[PDB]
There are 4 protein chains.
Amino acid sequence: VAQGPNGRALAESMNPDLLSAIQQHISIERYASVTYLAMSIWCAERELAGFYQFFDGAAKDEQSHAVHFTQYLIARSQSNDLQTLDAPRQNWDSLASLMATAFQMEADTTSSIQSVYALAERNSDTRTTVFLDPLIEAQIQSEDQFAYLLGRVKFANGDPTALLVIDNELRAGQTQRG
Amino acid sequence: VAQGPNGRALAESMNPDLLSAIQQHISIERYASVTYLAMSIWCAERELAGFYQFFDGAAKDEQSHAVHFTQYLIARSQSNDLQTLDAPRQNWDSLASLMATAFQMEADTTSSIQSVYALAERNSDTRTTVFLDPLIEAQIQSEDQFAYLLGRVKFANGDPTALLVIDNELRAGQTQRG
Amino acid sequence: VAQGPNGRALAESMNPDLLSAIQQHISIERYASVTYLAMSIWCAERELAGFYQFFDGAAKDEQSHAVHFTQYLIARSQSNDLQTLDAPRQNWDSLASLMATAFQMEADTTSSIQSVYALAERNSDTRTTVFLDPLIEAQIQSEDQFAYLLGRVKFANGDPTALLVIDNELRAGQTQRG
Amino acid sequence: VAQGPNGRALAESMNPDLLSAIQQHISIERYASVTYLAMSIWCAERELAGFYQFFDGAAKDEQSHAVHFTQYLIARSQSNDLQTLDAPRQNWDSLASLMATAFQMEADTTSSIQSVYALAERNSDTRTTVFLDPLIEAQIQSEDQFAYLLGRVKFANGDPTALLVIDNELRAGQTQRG
Ligand SMILES: [Cl-]
Ligand SMILES: [Cl-]
Ligand SMILES: [Cl-]
Ligand SMILES: [Cl-]
Ligand SMILES: [Fe+3]
Ligand SMILES: [Fe+3]
Ligand SMILES: [Fe+3]
Ligand SMILES: [Fe+3]
Ligand SMILES: [Fe+3]
Ligand SMILES: [Fe+3]
Ligand SMILES: [Fe+3]
Ligand SMILES: [Fe+3]
Ligand SMILES: [Fe+3]
């Protein structure tokens, strides 16, 4: 039995470029987490309590996604490499602008998974594509959800009254079509 | 065993300036109570039923705070001195103006506690600082809450529709971020 | 009513050096979180499943501590400033060495709170000392707990059999004296 | 409507090389079953009752995996071909050596699924890749589990005391990190 780079028994070696791509994607998930924390704070500073609660939960979920990836590297007997985390964006001119950043970040998270997926396919790593499949499935739902939240906020067209209504929807957990 | 000024057995004497400051602070809490009653009435006169209910409860809470302080003087074997209570403010041009007075009054209540606290520290009265610690803790929460209510009302920007939505939030007990 | 730096109504201004110290302490808590994640992974790579579960939970708790601090700045109408997060340490020669780093990090977290506390006292910021008091209380318990875990691991004196027993204790949630 | 080779109505023909690969993989699963039975017996002969119970259950699970594959061939209207089953290995010098064989066999089972998967992809058989996807997912978990059991046994470093502790873990059903 061979030992993998993290010391555990190795079921099958992983291409180093794919390993690096997974480690970098973990940073993407961690950065989405701190970005959603920053967005939570921006909303709290404006008394948008439902948006604050939504993004507070979204931050914890993105962190869970990151940890899920660290567990996969453990399962593959690969080393993790937790990286320096950039500071998040913290300023937005409006809720609509914030929601646009949130949507783009979910789409960018999917793009990063897609890049890892294509690398795994080039390397015939079927464990990794199988691992990523349900994560892409969840990304479709998250993109649908954030397109819903962004589109509903844009429909409000900057009216505080409409934004309060939507804020209360989010506080109640009404966060997708769905 | 020595007897304190209110006749009970005395665990430790209290500096007269600190006693006077506590008695005056009890008046501050009593004045916040009647001010919140006046604010309740102003809201009721304008059919802002959720704001009326909120301030009706806030008036009773401030009275409870005052009584809590009277119990501490009893516990320290000090005399209470219930003072003349000024008439509250009763007129405001708008809900936003009323909420600004409410926020300033909570901040002013904390300032009065802070002044009592500094006096107790100058006199090395650790019973009094320990007594006040949870009250300052509650003031942080109350300031956070009234900053939330004021900020949300200002966000409404005087729109009756938005104010009705917020009014219904308060009637439902949705009164902080939180 | 004055507006604080984050835009909310301001109950009382905060000294900029104290604000900076709180923002930096939030980074300390966030760094403890990612450090405990790294420690969780190190334990998982060595099949120390109880230690892995313990540090996985500790990482989430430290993140909760950080968020608790961000909420206080919101409550004080102060701006948050989420900072770049350094990469954690990820290599240890033994479980005893890892537990020593964990203990030192808890002690260093308390030292950072103590530094914030002394600054608040110099500035007569009683809201901040009251806010920090229960956090120091929790630090005493955490230091007691990590001294217990470290001391028990050192008692094992590197024997794998004893470390498996302790590992199972942690998996069962037996993590303090207590 | 065309009839498939096993006589049922045929939704889509299957490449004969892919069929042969699936039939051979069923033998791999059946061989893992009898190997785990042999390992169960080896453990029982040494009073390692928790390991015996674990491998007794693992033998039944591998048989279930084999039957799952026979059902897929039925569903595809393909003939099964249950093959001669080799005798399992039955002798090991130590528990660590046995656990190494167990881990290698799980990795080899995944390799066999991977070979079937690549053949299905060459033949654009999306039914078969979809069928195999959750099976690879389960293999990741099984490899993680057997790397955990092997690594924990190796950590014991041949100490009977540590092996008794681990044996009791397995009897209690504590068989992964997890
Ligand atoms: Cl907007
Ligand atoms: Cl108004
Ligand atoms: Cl050790
Ligand atoms: Cl052994
Ligand atoms: Fe994510
Ligand atoms: Fe996401
Ligand atoms: Fe009060
Ligand atoms: Fe008050
Ligand atoms: Fe902490
Ligand atoms: Fe800590
Ligand atoms: Fe199997
Ligand atoms: Fe298997
Ligand atoms: Fe799938």
Side-chain angles (χ1 to χ4, degrees), chain A residues 1 25-37 39 54-55 57-69 88 99 101-114 134-147 149-150 175-176, chain C residues 39 42-43 46 48 51 92-103 149-167 170, chain D residues 39 42-43 46 48 51 92-103 149-167 170:
Chain A
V1 163
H25 180 75
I26 290 169
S27 290
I28 295 303
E29 303 275 3
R30 296 178 55 220
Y31 189 71
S33 180
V34 73
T35 295
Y36 290 156
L37 176 59
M39 291 174 172
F54 172 79
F55 280 115
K60 294 173 190 168
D61 291 340
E62 293 299 335
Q63 181 67 20
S64 290
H65 301 174
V67 175
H68 182 68
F69 272 89
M99 292 309 303
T101 300
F103 177 81
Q104 197 48 61
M105 190 171 242
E106 283 301 331
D108 290 353
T109 299
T110 313
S111 296
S112 173
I113 295 174
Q114 294 172 263
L135 271 38
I136 289 161
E137 189 164 358
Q139 281 311 108
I140 299 170
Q141 304 341 306
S142 293
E143 290 169 349
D144 196 7
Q145 168 174 47
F146 277 82
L149 296 169
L150 170 62
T175 64
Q176 43 202 332
Chain C
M39 291 174 172
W42 187 97
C43 291
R46 285 150 188 81
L48 296 170
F51 281 86
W92 289 271
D93 291 343
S94 66
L95 185 57
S97 176
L98 183 153
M99 292 309 303
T101 300
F103 177 81
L149 296 169
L150 170 62
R152 213 166 162 87
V153 162
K154 301 186 56 178
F155 184 58
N157 192 31
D159 183 26
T161 310
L163 296 181
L164 289 166
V165 169
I166 298 168
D167 187 66
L170 269 58
Chain D
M39 291 174 172
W42 187 97
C43 291
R46 285 150 188 81
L48 296 170
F51 281 86
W92 289 271
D93 291 343
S94 66
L95 185 57
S97 176
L98 183 153
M99 292 309 303
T101 300
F103 177 81
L149 296 169
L150 170 62
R152 213 166 162 87
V153 162
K154 301 186 56 178
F155 184 58
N157 192 31
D159 183 26
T161 310
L163 296 181
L164 289 166
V165 169
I166 298 168
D167 187 66
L170 269 58

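Letters A, B, ... are given to chains in the order of the sequence lines, protein chains preceding strands, and every chain is numbered from 1. Indexing begins at 1, ligand by ligand and atom by atom, following the structure's order.
When atom types are taken as modelled, the side chain of D:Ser97 and the backbone of D:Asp93 share no donor-acceptor pair closer than 3.5 angstrom. With hydrogens and angles ignored, the 3.5 Å screen pairs no side-chain donor or acceptor of D:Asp159 with any backbone N or O of C:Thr161.
Annotation for A:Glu143 and A:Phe103: closest pair O-CE1, 3.6 Å, computed over non-hydrogen atoms.
Using a 30° and 60° split on the angle between ring planes, C:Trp42 and C:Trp92 fall in the perpendicular class, above 60°.
From A:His25, atom NE2 reaches atom CD of A:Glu29 across 3.5 Å, with rounding to the nearest 0.5 Å.
The distance cut-off of 2.8 Å around the Fe ion (ligand 6) captures these protein N, O or S atoms, sorted by chain and number: A:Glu62 OE2, A:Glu106 OE1, A:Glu106 OE2.
Residues passing the side-chain hydrogen bond (donor to acceptor under 3.5 Å, both in side chains) test with A:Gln104, sequence neighbours excluded: A:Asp108.
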